[PDB]
Amino acid sequence: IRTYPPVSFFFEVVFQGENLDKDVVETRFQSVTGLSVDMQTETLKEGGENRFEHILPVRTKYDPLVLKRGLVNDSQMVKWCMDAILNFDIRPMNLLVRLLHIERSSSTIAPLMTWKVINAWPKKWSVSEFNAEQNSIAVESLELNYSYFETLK
Amino acid sequence: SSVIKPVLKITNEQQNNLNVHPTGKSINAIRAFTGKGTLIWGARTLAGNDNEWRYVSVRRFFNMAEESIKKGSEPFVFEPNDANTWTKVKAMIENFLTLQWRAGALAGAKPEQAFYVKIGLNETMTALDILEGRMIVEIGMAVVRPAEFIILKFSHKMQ
Amino acid sequence: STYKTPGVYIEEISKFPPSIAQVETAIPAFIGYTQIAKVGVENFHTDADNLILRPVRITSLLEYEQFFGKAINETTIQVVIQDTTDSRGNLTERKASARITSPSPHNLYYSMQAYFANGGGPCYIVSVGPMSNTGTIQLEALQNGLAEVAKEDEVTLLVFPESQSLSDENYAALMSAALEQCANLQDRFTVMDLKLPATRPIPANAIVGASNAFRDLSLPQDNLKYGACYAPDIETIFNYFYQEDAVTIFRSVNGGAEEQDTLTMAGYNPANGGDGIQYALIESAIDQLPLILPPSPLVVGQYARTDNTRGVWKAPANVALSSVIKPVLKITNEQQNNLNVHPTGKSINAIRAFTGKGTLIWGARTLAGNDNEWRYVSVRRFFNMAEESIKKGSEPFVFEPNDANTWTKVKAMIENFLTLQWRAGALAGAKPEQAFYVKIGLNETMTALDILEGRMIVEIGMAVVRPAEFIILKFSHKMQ
Amino acid sequence: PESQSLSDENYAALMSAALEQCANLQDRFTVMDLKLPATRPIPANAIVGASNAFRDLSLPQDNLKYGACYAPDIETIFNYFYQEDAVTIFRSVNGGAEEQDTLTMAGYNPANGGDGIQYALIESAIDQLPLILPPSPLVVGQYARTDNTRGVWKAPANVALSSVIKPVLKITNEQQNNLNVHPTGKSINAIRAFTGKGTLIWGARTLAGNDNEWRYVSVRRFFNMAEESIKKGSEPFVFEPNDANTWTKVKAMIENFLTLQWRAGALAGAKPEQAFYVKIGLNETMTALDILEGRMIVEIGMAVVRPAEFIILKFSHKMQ
Amino acid sequence: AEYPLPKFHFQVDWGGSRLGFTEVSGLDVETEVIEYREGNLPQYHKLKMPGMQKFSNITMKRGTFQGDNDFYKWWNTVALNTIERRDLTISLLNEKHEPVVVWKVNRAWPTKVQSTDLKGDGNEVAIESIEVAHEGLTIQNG
Amino acid sequence: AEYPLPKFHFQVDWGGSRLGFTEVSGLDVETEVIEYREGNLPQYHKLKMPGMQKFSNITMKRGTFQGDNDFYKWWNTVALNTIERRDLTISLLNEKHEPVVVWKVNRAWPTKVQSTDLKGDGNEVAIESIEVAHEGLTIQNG
């Protein structure tokens, strides 16, 4: 029975794709978010029943996936994205998102939780503001569409 | 799991003499219930008339607690037989029992209501005992016990 | 078993929790019959005559058990099973209860258990003979024990837990001898219990007849400042010792008359082929009996606690008792009116229950309740403490030359002790000169006749304070 | 370390000579191992027969306070030395009987035209052999560690062993009952595995286990240390004039040493005067006869403490 | 009696090789206060009621000897969110070298280890220090 | 033994010409604490668990000699975001002039250089100082 909850800052992302799963710089990210699902419904009122109304299920919606890094000047991933965006040529991929921990029985790094993200393709790309008077890092941000995600049980 | 069926069907009138018997030699039953499957029914030991050791869970809990206390206390063997070692072992035992109270295994609203631990000269030990190499600790623990029978009563409400 | 391998061994033993204390002033002596009484290689009870009588110093219940054993079996326990049945004989409900018809008079073990539960310290045990199933208690054995206890100097309190089974004349004789040696030694105090009618249930207003019977005992008039009496008996939480095959079983059905069965508990034990369900029921019934004790050992334990917490110059009253369920009799204000103040001066202190508080000791007056100096227990206990400590301090000056220098030395010692006592708050006054005085000198306290023959005479005076007992109130309406 | 291959009579003779010179020099201690049956696999309850055989060795009765015995042998992680062409190869198929091949490892070495795949397999197999040693050198290493970490006056027990896989025999409580306490006093200490802890030394008693003064190893080791250091400190006073001034000097030296030892926590007592005493003087410790012929006599007493071995527990139910 | 006790004779059991320390602090227990008032109270100040509890950290100092590196080892036992936890017992002794007041600390683990400062003209020893977090503490007097 | 060590005999290796310094500080290791509680815990105080690590900067002082300008050179090695990084080793010695406690510092680089103050009546020497950033530190005793 659990006594202590897990920690959020040890994680990884894997691209199961063209040949990006073996490229080391393609797994290192500063931030990952957007993993949430929502059910959308409608409301129906029945005459004579004044104590409650009926909520009926309609459809399912998912959030976009957002990744943030320091700027990498030569990236195969960015070539894939810009091929989709400039030449209207898209080729969706599959992804894995992992939450990691230390297991020992000496010790080893092992996955703790894994999600499969199915049919991802580019949505948005951006780079942060250049300012002559601030100490900052050039940070690039990518946003992706996908169909759904599942737990690797 | 992975069970088709019991070979014999046991009814309530038959389990009446299996759960309670003048000898105390209780027998637990495996029974099928409709819409549920095959369940274990009865949690009593072969000492079913004993006011302290009727139930399986109480003895299993006592065994777990005793072995863990034993493991925790073992590092203190071959130590000088003095007040400092007594203090050390007492603190270890109270910390373990506090962790067990916190988990919900012991009864009481506060730790002081759940257990007590005692050691001392002319309290648990004697003078001569000190001269040989023996330590005596007295521990008490409070537990809870399950309910087996539920009785329903019906009547006609006046309109 | 005997341990041989150097590891941790685990055993399941059922018993009560231990309790010890550090006590400096309240050292009592208990006189009674014991089970074993074997010390070293000498059996004190080896012979039926020529018993060895000597006190032994004990600091805990474990040490008591080491030398004297525990107890004997009761032989008078009965259990009644009540069955509620149908018109056809079908059982609907079954219950059980236990009762004792005539307890044994030998009770030192339970008394020591109650004593240590209430904060007692080191004590002296004197055995007067072995416990026996006939229950015979003799005046001569108890008086021999009292005569033997005269040789130990630390003893401060005298207790006879078995006195209530003694007849009135023998009771009066024993207590008169105890008061006489308290007066002769000048450093002891006696605690007594009141004898109640031995009936069950106890009738209404039994306390009045019991008080009247007590008032008529022939006791020496000028020694009554050396003792106190408490009432009534107390129901506590401890268990009886019994032998399984000696318990008698009765049955009753639908409220009818009881019928004696042909079996004992040994016939229901499943190890012998009995019905174990009713056996478990009977055992649970027996465990619920309350145990009835006289109040005196709890009073002594509470004396020890009160001296440790407040001071000996305070009254040992308005204090709660431990491990107590209930008094056997209920005493009201209109009844205590004749127990606290009476033309004879033979005051009796009461144990009373107060709502939300429990069972308290109410009253702190001695058997000389009309004496303008020695009414209160705390004043005499303080005087005894001060006198014995002065005695101990002065003893090193015996066999010294009888001259002015020794007089000066002893005077300085006494003034220093009384100054330390004034500082603690025990004596009245804003300055030492208002609290006490000490004097010695030729033609002041001594005539030369006493000087030449080897005597010294010192005169000491001390100022103390006394408690208030009644608090009154006036309620009125205020003009708006 | 090689004593276990020696016959029982010669083993007894060797150990008796060792104990005799320990008693003569007054500053040494002997560590022994128990001889086990040389069978593979070792049968059940071999430890009982081995103990019985040990009890029957003829050893000098009054020197048994100068040694200790440990059991059993230990499997460790080190490798054997071997020559490649001396290793014999066997084969078995589908669980059948073994058959001896005509080649050695030298015939599988690819440098000689052999099959290198099976050669690599054979080498990996050989590297996995555990090595079996008697316990005594590990006990001596652990003595050194315990004196560095706790102090010599502590028991050298309840300590884990390093680079050890496993004891060869499993000893239970019912068997150690007759190993720790026995009418002869010839105690045997045990090496036992405890779950989650590893392999520990259990028992700290000497071969004089019934002696009210010299049961425990730590007491004798402490006495030996103190006596040799006092000896070293006193040696510079030899050949001095036999007079009161030298007696005073040596007494002061001894009291200063014992005071430093009391301060460290090795001696019992709240004050130095409760821990030790030292005395020398004419018609107190010396008669004039010893003085004139060149002898000095000093009487020294020391107070120590002793360990507890058994811890007991009482479990009960509390009224709700 | 009528005389108090001193603070110069104690002992700490923490799972190390040495029981001696130079300084011991941070023994404290605290509780929160909640305030409340209704509109028509003839009283204009707020009412108080007990809340949650709070315990402080423990700080201990010691001199540096040769061959002793226990503080760093215990600190370095840390893993991502796991660490070895210990039971810490601090006692107060009398003149017969026996305990008098005991502080019992559950599930202690170190959070900070501070090494010494070096000064050439310094006529002082090398002092290291540690700070310990722990769930709850208890006090036993007598 | 029973005697502690002093702090007036040490040595620093930093990649310069002189190993002598007047002051050495900032040797410290720290870890964060995370608190947590669920609703039905019979305990009203929060639970603690280890978090991330944190190291402090290093400050060192020295007197000013003629012909020695190493601090400014190392500081001025800086480029837009690049700089020369060094391994810094600090030791503690005994009476035979050998080491006893070692601090090992990875990837040090300077962040601040402070020059002296000038006073006409001042009967004191000229003291310069530096502050050093570094990823991680280690402690070796024995």
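From first to last, the protein sequence lines stand for chains CM, DP, AQ, DQ, DN and CN. Residue numbers for the first sequence, in the authors' numbering: 2 to 106, 120 to 167. Position 63 of the second sequence, counting from 1, maps to 386 under the authors' numbering, and the rest follow consecutively. Position 210 of the third sequence, counting from 1, maps to 212 under the authors' numbering, and the rest follow consecutively. Position 193 of the fourth sequence, counting from 1, maps to 355 under the authors' numbering, and the rest follow consecutively. Position 51 of the fifth sequence, counting from 1, maps to 52 under the authors' numbering, and the rest follow consecutively. Position 64 of the sixth sequence, counting from 1, maps to 65 under the authors' numbering, and the rest follow consecutively. Here a beta-carbon is modelled for each residue, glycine too, at the ideal position from N, C-alpha and C.
Could one say the Cβ of residue i lies closer than 7 Å to chain DN's Cβ atoms, at least one of them?
i, result
"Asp29 (chain CN)", "yes"
"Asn142 (chain CN)", "yes"
"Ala366 (chain DP)", "no"
"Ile103 (chain CM)", "yes"
"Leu6 (chain CN)", "yes"
Is the CB of residue i under 7 Å away from at least one CB in chain DQ?
i, result
"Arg457 (chain DP)", "yes"
"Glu461 (chain DP)", "yes"
"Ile236 (chain AQ)", "no"
"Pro8 (chain AQ)", "yes"
Take residue i and list the residues in its own chain whose beta-carbon comes closer than 6 Å to its own, dropping the five residues that flank it on each side.
i, result
"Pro199 (chain DQ)", "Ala208"
"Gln80 (chain AQ)", "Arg101, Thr250"
"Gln115 (chain CN)", "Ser130"
"residue 154 (chain DQ)", "Residue 154 (chain DQ) falls outside the range modelled here, since chain DQ spans only 163 to 482, and no answer is possible."
Given residue i, which residues of its chain have a CB within under 7 Å of its CB, disregarding the five upstream and five downstream residues?
i, result
"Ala119 (chain AQ)", "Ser21, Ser324, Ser325"
"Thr94 (chain AQ)", "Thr86, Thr87, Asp88"
"residue 483 (chain AQ)", "Here chain AQ has residues from 3 to 482 only, and residue 483 (chain AQ) is not among them."
"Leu20 (chain CN)", "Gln12, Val13, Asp14"
For residue i, go through chain CM and note every residue whose CB falls closer than 9 Å to its CB, in chain order.
i, result
"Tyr37 (chain CN)", "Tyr5, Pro6"
Leaving out five residues before and five after residue i in sequence, what residues of the same chain have Cβ atoms less than 8 Å from its Cβ?
i, result
"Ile416 (chain AQ)", "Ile392, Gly395, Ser396, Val440, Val460, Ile462"
"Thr44 (chain CM)", "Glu54, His55, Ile56, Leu57"
"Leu293 (chain AQ)", "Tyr112, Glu237, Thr238, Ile239, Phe240, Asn241, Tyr242"
To the nearest angstrom, report how far apart residue i and residue j are at their CA atoms.
i, j, result
"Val379 (chain DQ)", "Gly313 (chain DQ)", "13 Å"
"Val26 (chain CM)", "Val15 (chain CM)", "11 Å"
"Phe252 (chain DQ)", "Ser121 (chain CM)", "38 Å"
"residue 537 (chain AQ)", "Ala366 (chain DQ)", "Shown here, chain AQ extends from 3 to 482; a query on residue 537 (chain AQ) therefore has no answer."
"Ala306 (chain AQ)", "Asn339 (chain AQ)", "29 Å"
"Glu143 (chain CM)", "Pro65 (chain CM)", "23 Å"
"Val38 (chain CM)", "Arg382 (chain DP)", "47 Å"
"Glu3 (chain DN)", "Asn310 (chain AQ)", "13 Å"
"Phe46 (chain AQ)", "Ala39 (chain AQ)", "6 Å"
"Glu14 (chain AQ)", "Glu389 (chain DP)", "10 Å"
So which residues of chain DQ does residue i contact, with C-beta pairs closer than 7 Å?
i, result
"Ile15 (chain AQ)", "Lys476, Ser478"
Cβ closer than 7 Å: which chain DN residues qualify as neighbours of residue i?
i, result
"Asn404 (chain DP)", "By Cβ distance, chain DN contributes nothing, its closest Cβ being about 13 Å from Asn404 (chain DP), past 7 Å."
Is the CB of residue i under 7 Å away from at least one CB in chain DP?
i, result
"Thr90 (chain DN)", "yes"
"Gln44 (chain CN)", "yes"
Does chain CN have any CB closer than 7 Å to the CB of residue i?
i, result
"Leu119 (chain DN)", "yes"
Closer than 7 Å by beta-carbon distance: list the chain DP residues that pair up with residue i, in chain order.
i, result
"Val467 (chain DQ)", "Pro403"
If we define contact as Cβ-Cβ less than 7 Å, is residue i a contact residue for chain CM?
i, result
"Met50 (chain CN)", "yes"
Could you confirm whether any beta carbon from chain AQ is found closer than 7 Å to the beta carbon of residue i?
i, result
"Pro345 (chain DP)", "yes"
How would you list, in chain order, the residues of chain CN whose beta-carbon sits under 8 Å from the beta-carbon of residue i?
i, result
"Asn70 (chain DN)", "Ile140, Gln141, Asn142, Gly143"
Interface residues of chain DN around residue i at Cβ under 8 Å?
i, result
"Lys97 (chain CN)", "Result: empty, since nearest Cβ-Cβ is about 13 Å, beyond 8 Å."
"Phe11 (chain CM)", "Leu81"
Flag this pair as touching only if the region 157 to 171 of chain AQ and the region 186 to 205 of chain AQ have three or more C-beta atom pairs under 8 Å; answer yes or no.
-> Yes: at least three Cβ pairs fall under 8 Å.
Are the region 16 to 35 of chain AQ and the region 122 to 130 of chain AQ touching, with three or more C-beta to C-beta distances below 8 Å?
-> yes
Check whether the region 137 to 150 of chain AQ touches the region 100 to 108 of chain AQ, taking contact to mean three or more Cβ pairs, one atom from each stretch, closer than 8 Å.
-> yes
Is the number of C-beta pairs between the region 123 to 139 of chain DN and the region 58 to 65 of chain CN that are closer than 8 Å three or more?
-> In short, these stretches do not touch, since the Cβ pair count stays below three.
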